[PDB]
Amino acid sequence: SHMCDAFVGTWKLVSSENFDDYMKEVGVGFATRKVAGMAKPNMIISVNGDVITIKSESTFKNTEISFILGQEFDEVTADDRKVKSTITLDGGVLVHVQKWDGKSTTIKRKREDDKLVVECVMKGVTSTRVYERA
Ligand SMILES: c1ccc(-c2c3c(nc([C@@H]4CCCO4)c2-c2nnn[nH]2)CCCCC3)cc1
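Here the sequence shown is numbered in my numbering, starting from -15 and rising by one per residue.
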């Protein structure tokens, strides 16, 4: 067992707050905001040795990232940004920083009760997206 065990599984989006304004701040255009904001993704998290894999599946896009904690990687996001990402575990929270074009956004995934609470922050705008086990 590892602390990260609490994240493993299939998680379904159950609520979202302020995601449209967060996407505006990230620079996402109108049409992608509307279609992406409509999505109800599942977030599938698994661990094999030191490698964590996080899949996002939805009607909009399916994405997958695999990574080792603290080791930067290149990622293409669902909205087609080309970003440099680093994910760490900080006090029980998975902290995902994405850098591109001199910008940065931070995505925090935390277990709270039976939920996975995900806070996304860009330029002082936060969106909170909550997932429950499938
Ligand atoms: C379908 C719809 C939305 C996304 C998405 C997107 C973004 N940020 C998230 C953040 C990350 C973690 C929780 O939300 C998700 C997401 N990934 N999984 N669920 N949502 C960046 C803003 C532009 C839109 C793409 C992915 C697929």
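The C-beta atom is built at its ideal place from N, Cα and C for all residues, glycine as well.
Based on DSSP bridge pairs, tell me the residues matched to residue i.
i, result
"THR112", "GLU1 and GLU103"
"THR72", "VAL79"
"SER88", "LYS83"
"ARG95", "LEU100"
"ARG117", "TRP(-5)"
Which first and last residues belong to the beta strand (DSSP E) in which residue i is found?
i, result
"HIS80", "77 to 84"
Excluding five sequence neighbours on each side, which residues of the same chain lie with their C-beta closer than 8 Å to the C-beta of residue i?
i, result
"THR110", "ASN2, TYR6, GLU103 and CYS104"
"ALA118", "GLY(-7), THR(-6), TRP(-5), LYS(-4) and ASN26"
"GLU56", "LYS68, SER69 and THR70"
From the beta carbon of residue i, is the nearest beta carbon of chain B less than 8 Å away?
i, result
"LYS68", "The structure shown has no chain B; it contains just one protein chain."
> Can you list, in chain order, the stretches of the beta strand (DSSP E) that have 3 or more residues and sit fully within the stretch -12 to 57?
Replying inline: -7 to 1, 26 to 32, 35 to 41 and 47 to 51
> Do the stretch 26 to 35 and the stretch 66 to 75 meet, that is, are 3 or more Cβ pairs less than 8 Å apart?
Replying inline: no
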